[PDB]
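Below, in structure tokens: the form solved without adenosine-5'-diphosphate (ADP), a single chain.
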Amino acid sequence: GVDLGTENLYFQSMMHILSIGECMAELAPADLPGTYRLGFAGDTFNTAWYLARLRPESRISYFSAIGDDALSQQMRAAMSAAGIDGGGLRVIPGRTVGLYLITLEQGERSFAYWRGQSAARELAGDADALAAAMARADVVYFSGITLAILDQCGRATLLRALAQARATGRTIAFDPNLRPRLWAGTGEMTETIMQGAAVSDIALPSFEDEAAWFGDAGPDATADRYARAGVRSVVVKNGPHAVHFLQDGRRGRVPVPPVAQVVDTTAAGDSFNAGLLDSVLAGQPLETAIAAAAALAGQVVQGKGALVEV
């Protein structure tokens, strides 16, 4: 299946990025009326999918938990087909995966979801498995959805594993991705997101999504908030507006070219994150990485669905 390359004690033949979170089954409108196509999505998985297309010579791993039913097996097979390393997936017997259903009526999309009992909510049940997945990753990526789906013990287990990996030299990247409906309380949400910030080197907040919850006056305030948690590189997405960044005390802005013919903004942020991390792994300056990120996101906005072939 997926080529993992080779290694010695010191280096691996492939650059290695691990994404941790929930991959969702997804039913999306098909052509033939009343029908839907089964695919797979979910924020951190979307990011992994874009990364595997940007750098197919690298090792893009996904860590999560799935069930042992047919649908879970289809999910595993889809990861492999997409060039994603799912070797570390954990299997939770008696559970299945989460699901999105997208409906399309007179050209308007809406969605429903079922994920309150998904296997992925157990992804932090085995601390040793988490540590092993991270051990030789160049970058470890996770999101606020990754945090939201876990109970407090699982949140703590994940945060501890990230801190430990960070201390051994793993670069930790975080997409706060606030989704209020996935949290049982507001304070828990904002506090837990900032716990995620405290173990991360790179953070990719969105001003529009976060300002209300934290009281950020503007994107520079958002950046300051993450820097105070120890984040070394903060890259603040703000829709069609210039991307503000803050890195070790230094601010800058990167303009975002206007995007005509908007089709579907789904996964715009996930793909931005992939473009940024791809460029960072390639050793490009932060400003160059941000420009690349915006360029990819614009093409995803112009395309339909979570996984756009750009």
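Heads up: residue numbers just count along the shown sequence, starting at 1.
What comes next is about the form deposited with adenosine-5'-diphosphate (ADP) bound, which does not appear here.
Classification of the binding site as open follows from the superposed pose of adenosine-5'-diphosphate (ADP) in the entry with it bound: not one of its atoms falls inside 2.4 Å of a backbone or C-beta atom here. From the list 38-46, 259-267, 57-65, 274-282, the contact stretch for adenosine-5'-diphosphate (ADP) in the entry with it bound under a 4.5 Å heavy atom rule is 259-267. Checked against adenosine-5'-diphosphate (ADP) in the entry with it bound, the candidates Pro93, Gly169, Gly239, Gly185 yield a single residue with a heavy atom inside 4.5 Å, and that residue is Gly239. Proximity to adenosine-5'-diphosphate (ADP) in the entry with it bound, defined as a heavy atom within 4.5 Å, singles out one entry of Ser206, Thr157, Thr192, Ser233, which is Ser206. In the entry with it bound, adenosine-5'-diphosphate (ADP) stays beyond 4.5 Å of every heavy atom belonging to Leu51. The shortest heavy atom separation between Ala25 and adenosine-5'-diphosphate (ADP) in the entry with it bound exceeds 4.5 Å. adenosine-5'-diphosphate (ADP) in the entry with it bound is approached by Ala297, whose closest heavy atom lies within 4.5 angstroms of it.
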